[PDB]
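The listed protein sequences derive, respectively, from chains K, Y, B, G and r.
According to the authors' numbering, the first sequence is numbered sequentially starting from 23.
According to the authors' numbering, the second sequence is numbered sequentially starting from 1.
According to the authors' numbering, the third sequence is numbered sequentially starting from 2.
According to the authors' numbering, the fourth sequence is numbered sequentially starting from 2.
According to the authors' numbering, the fifth sequence is numbered sequentially starting from 1.
For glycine and all other residues, C-beta sits at the position ideal for the given N, C-alpha and C.
Written out below as structure tokens is the structure these notes cover.
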Amino acid sequence: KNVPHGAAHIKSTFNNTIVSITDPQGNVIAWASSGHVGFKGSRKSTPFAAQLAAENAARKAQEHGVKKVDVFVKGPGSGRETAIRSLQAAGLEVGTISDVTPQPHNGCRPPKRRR
Amino acid sequence: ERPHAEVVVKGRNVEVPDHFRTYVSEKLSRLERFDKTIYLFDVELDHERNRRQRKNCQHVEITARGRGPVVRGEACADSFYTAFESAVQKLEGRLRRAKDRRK
Amino acid sequence: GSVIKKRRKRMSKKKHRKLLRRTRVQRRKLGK
Amino acid sequence: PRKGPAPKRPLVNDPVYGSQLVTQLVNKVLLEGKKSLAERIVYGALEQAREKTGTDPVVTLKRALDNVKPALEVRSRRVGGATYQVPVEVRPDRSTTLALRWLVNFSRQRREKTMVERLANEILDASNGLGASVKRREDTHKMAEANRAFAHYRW
Amino acid sequence: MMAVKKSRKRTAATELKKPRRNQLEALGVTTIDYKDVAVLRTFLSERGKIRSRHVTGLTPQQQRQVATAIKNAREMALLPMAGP
RNA sequence: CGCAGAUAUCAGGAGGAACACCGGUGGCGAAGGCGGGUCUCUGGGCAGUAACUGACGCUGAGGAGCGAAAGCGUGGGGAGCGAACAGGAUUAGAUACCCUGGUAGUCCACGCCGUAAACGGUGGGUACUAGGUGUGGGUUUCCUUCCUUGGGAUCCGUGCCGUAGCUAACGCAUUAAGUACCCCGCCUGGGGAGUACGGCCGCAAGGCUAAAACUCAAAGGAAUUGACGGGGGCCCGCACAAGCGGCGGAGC
């Protein structure tokens with residue numbers, strides 16, 4: 023089966039980057055990450071990993087039958103818009119952007135400082 | 001590299017008992033202990049033999065090869081023991097610092 | 002202000018403290 | 002050049018051919034001032050290629066140069082506990098120059114009994130797409146592919 | 001006709017400017033009520049957060065009164081708070 | 001940690017600490033300290049009117065009470081963080097930084113101890129002593145719209161700059177470290193030492209009170225020049241980078 027239009031979640035952090043396609047309901051069809059692209063350890067914060075990962079996942083979604091996407095981004099990402107360019111290169115229509123990085127209302131204690 | 005520390009004992013003009021040689025080789029092994037990068041240790045044991053001296057009878061120059069940076073420790077005292085130990089501690093400062101900055 | 006003074010203070014304090022950690026048993030079970 | 006660079010030398014044109022990459026070639030194969038020896042070696046080799054191919058050797062030379070001349074290479078940098086290699090684009094000047102350097106230095110270790118023959122056969126091999134020069138250039142591109150990740154440095 | 005300052009011509013102005021503003025007693029008001037959300041939506045951003053005094057102009061009195069009203073409003077869901 | 005179906009994603013529920021944007025040289029509290037919201041109970045301060053008593057004031061040894069955090073006890077609860085502790089990695093070796101995990105503890109009730117750089121390193125009370133400048137609160141008059149950092153004057157609190165004056169200097173300066181009175185505590189060379197002995201308190205940790213022998217000829221405060229810096233900013237040199245040939249390998 024297939025879905026023509028869905029949604030996309032993009033989680034970019036300091037040490038990794040990952041994406042996932044999904045219906046607006048929450049049901050995934052396809053995902054990818056820099057670990058499946060092949061990079062390892064410390065290289066996979068670069069935006070190049072974002073390009074390749076998002077590209078592979080978008081092609082998987084093209085396979086399973088997607089043509090338009092809603093896009094939701096999350097986290098400290100050097101290569102957010104890099105992944106966006108990769109997606110729109112892969113042949114998909116950008117539905118709606120939203121920079122929902124989860125901020126708390128001064129809740130749980132974070133860890134200590136480093137040096 | 002453990003006997004590769006190229007010992008160089010020497011004195012221009014001093015009565016050099018051969019147990020000073022034991023002292024020197026042992027005090028240089030002591031830093032073989034914590035620096036495995038060592039090729040050359042040229043060393044002196046000098047004496048100015050002036051009358052009515054300025055508190056500084058004997059003198060020592062020491063230089064050592066490392067991989068690139070060479071080390072240099074100079075000292076001065078009345079006799080052999082303070083000279084050895086003082087140049088040793090100056091080298092220890094150098095080498096602690098060098099192996100702190102090496103990484 | 003300096004810190005040399007406070008450091009000498011600190012060292013005396015610490016050594017007395019560790020002494021008490023080591024003699025916490027003997028002081029109690031002697032001086033009753 | 003903390004204050005700034007200086008000009009490049011004005012290459013001459015060849016008396017015979019009409020191309021300054023050939024004087025560049027003799028000046029890169031030169032060794033111990035024997036410029037005329039370089040000249041006669043090169044002219045003999047190019048005419049060997051002429052009798053090998055029935056045409057001008059210059060065209061196959063520039064074709065070999067099109068094969069072995071990159072436009073991308075490496076430029077290292079020490080950063081954060083682990084030195085990183087980086088891709089950097091290469092202007093055509095240094096591209097041609099480094100290509101010729103590859104060409105000579107991998108010509109020298111051949112077994113044609115003579116430099117003129119080694120060189121001529123290497124040029125033919127690179128025009129055809131077989132020389133160790135081409136091999137090393139492919140290794141360079143392999144490295145740039147392995148290290149595309151560090152282009153955002155833009156340096 | 002006249003300059004924003006060097007007002008040597010009119011009386012001491014009952015008007016407000018870019019440094020000075022007391023925006024509520026100025027205008028845009030019925031009364032400070034957590035009921036009237038259309039008014040309270042003016043002292044925010046589209047992201048729901050709250051303005052500052054050197055943005056708005058209010059005295060701390062009105063500022064804190066309004067913030068408390070806003071916050072009661074978010075509690076009673078009369079106002080779209082920032083969230084999922 | 002997963003490959004026994006993780007991470008991600010979505011629907012829901014359980015759950016306990018902290019409550020972003022308001023919120024900062026800003027308000028209150030004697031001090032410590034104090035913000036998610038609503039209700040209850042209660043305290044303090046400010047201004048004005050200045051109707052009332054008519055010097056009742058200020059301080060305060062001793063003493064009582066409050067008092068950050070970590071700790072202790074009985075009980076409850078326990079998501080995240082995390083002493084200790086285990087492992088990984090760096091390391092010459094790392095009982096340490098870094099990573100993974102993780103107990104006591106952090107939280108609540110009732111009691112304890114009663115200390116800190118508990119700092120404005122400035123005890124409290126009071127009068128006079130050049131000013132300017134922002135700012136929080138409350139009064140009030142004029143250009144008066146009288147819907148205004150309106151403006152001016154005044155009172156209280158709070159910060160910056162700056163006279164005289166003062167201080168070893170730094171710098172303080174109408175909120176004084178200035179000018180003067182009243183009361184208290186405290187210091188009298190450094191160390192030994194806020195240590196021991198003795199005592200009081202405390203469940204315990206421990207705190208308060210507190211010496212001597214002996215020893216040194218100094219311990220120190222502020223500031224200047226210099227040198228140094230794996231502090232910063234501006235620059236140069238075959239200093240590296242680019243490029244060529246050498247050395248170390250062998251023989252003389």
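DSSP beta-bridge partners of residue i
{"i": "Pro-88(G)", "result": "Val-75(G)"}
{"i": "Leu-79(r)", "result": "Paired residue(s): none; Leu-79(r) is not in a bridge."}
{"i": "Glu-115(K)", "result": "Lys-90(K)"}
{"i": "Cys-130(K)", "result": "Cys-130(K) pairs with nothing; no bridge assigned."}
{"i": "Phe-41(Y)", "result": "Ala-64(Y)"}
{"i": "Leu-44(r)", "result": "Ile-50(r)"}
{"i": "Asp-46(Y)", "result": "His-59(Y)"}
{"i": "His-31(K)", "result": "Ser-42(K) and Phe-94(K)"}
{"i": "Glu-74(Y)", "result": "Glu-61(Y)"}
{"i": "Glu-6(Y)", "result": "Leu-40(Y)"}
{"i": "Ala-54(K)", "result": "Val-41(K)"}
{"i": "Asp-121(K)", "result": "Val-95(K)"}
Interface partners of residue i on chain K, CB under 7 Å
{"i": "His-153(G)", "result": "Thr-68 and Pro-69"}
Reference residue i; option with closest CA among the options
{"i": "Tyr-81(Y)", "options": "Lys-10(Y), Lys-55(Y), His-4(Y) and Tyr-23(Y)", "result": "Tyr-23(Y)"}
{"i": "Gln-58(Y)", "options": "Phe-34(Y), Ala-77(Y) and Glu-1(Y)", "result": "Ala-77(Y)"}
{"i": "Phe-84(Y)", "options": "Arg-12(Y), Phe-20(Y), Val-14(Y) and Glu-6(Y)", "result": "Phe-20(Y)"}
{"i": "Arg-119(G)", "options": "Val-30(G), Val-23(G) and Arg-78(G)", "result": "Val-30(G)"}
{"i": "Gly-117(K)", "options": "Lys-90(K), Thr-35(K) and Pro-126(K)", "result": "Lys-90(K)"}
{"i": "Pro-19(r)", "options": "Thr-11(r), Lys-5(r), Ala-12(r) and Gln-65(r)", "result": "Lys-5(r)"}
{"i": "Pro-46(K)", "options": "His-27(K), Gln-125(K), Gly-57(K) and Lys-62(K)", "result": "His-27(K)"}
{"i": "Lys-53(G)", "options": "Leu-125(G), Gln-86(G) and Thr-115(G)", "result": "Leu-125(G)"}
{"i": "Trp-53(K)", "options": "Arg-81(K), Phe-61(K) and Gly-63(K)", "result": "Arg-81(K)"}
{"i": "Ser-55(K)", "options": "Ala-79(K), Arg-131(K) and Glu-85(K)", "result": "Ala-79(K)"}
{"i": "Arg-76(G)", "options": "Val-91(G), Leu-62(G), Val-17(G) and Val-69(G)", "result": "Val-91(G)"}
{"i": "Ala-133(G)", "options": "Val-23(G), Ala-46(G), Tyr-85(G) and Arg-111(G)", "result": "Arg-111(G)"}
{"i": "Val-87(G)", "options": "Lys-9(G), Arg-155(G) and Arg-3(G)", "result": "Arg-155(G)"}
{"i": "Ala-39(G)", "options": "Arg-102(G), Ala-147(G) and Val-23(G)", "result": "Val-23(G)"}
{"i": "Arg-49(Y)", "options": "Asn-13(Y), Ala-98(Y) and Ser-25(Y)", "result": "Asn-13(Y)"}
{"i": "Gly-28(r)", "options": "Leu-44(r), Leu-40(r), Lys-71(r) and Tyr-34(r)", "result": "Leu-40(r)"}
{"i": "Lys-136(G)", "options": "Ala-121(G), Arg-149(G), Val-60(G) and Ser-108(G)", "result": "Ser-108(G)"}
{"i": "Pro-80(r)", "options": "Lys-49(r), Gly-57(r), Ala-26(r) and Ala-12(r)", "result": "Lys-49(r)"}
{"i": "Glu-75(r)", "options": "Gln-23(r), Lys-35(r) and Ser-52(r)", "result": "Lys-35(r)"}
Cross-chain neighbours of residue i in chain G, by beta carbon under 9 Å
{"i": "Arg-102(K)", "result": "Chain G residues near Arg-102(K): none, gap ~13 Å exceeds 9 Å."}
Cβ separation of residue i and residue j, assumed to be a contact under 8 Å, to the nearest whole Å
{"i": "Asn-14(G)", "j": "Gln-21(G)", "result": "5 Å"}
{"i": "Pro-124(K)", "j": "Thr-35(K)", "result": "Between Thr-35(K) and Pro-124(K) the Cβ distance is about 12 Å, and since that is not below 8 Å, they are no contact."}
{"i": "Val-122(K)", "j": "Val-25(K)", "result": "No, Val-122(K) and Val-25(K) are not in contact; Cβ-Cβ is about 22 Å, not under 8 Å."}
{"i": "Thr-44(K)", "j": "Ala-72(K)", "result": "The Cβ separation is near 18 Å, so there is no contact."}
{"i": "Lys-27(Y)", "j": "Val-88(Y)", "result": "5 Å"}
{"i": "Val-41(K)", "j": "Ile-32(K)", "result": "5 Å"}
{"i": "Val-60(G)", "j": "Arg-138(G)", "result": "Incorrect: roughly 20 Å between the Cβ atoms, too far for contact."}
{"i": "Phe-41(Y)", "j": "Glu-6(Y)", "result": "6 Å"}
{"i": "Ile-38(Y)", "j": "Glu-32(Y)", "result": "7 Å"}
{"i": "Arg-64(G)", "j": "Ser-128(G)", "result": "5 Å"}
Checklist line | Selection of the stretch 125–155 of chain G by Cβ proximity to chain K, strictly under 8 Å | finding: Contacts with chain K (Cβ-Cβ distance below 8 Å) from the stretch 125–155 of chain G involve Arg-149, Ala-150, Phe-151, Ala-152 and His-153, listed in chain order.
Item checked: Under 7 Å (Cβ pairs) to chain G, residues found in the stretch 49–65 of chain K -> The residues in question are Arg-65.
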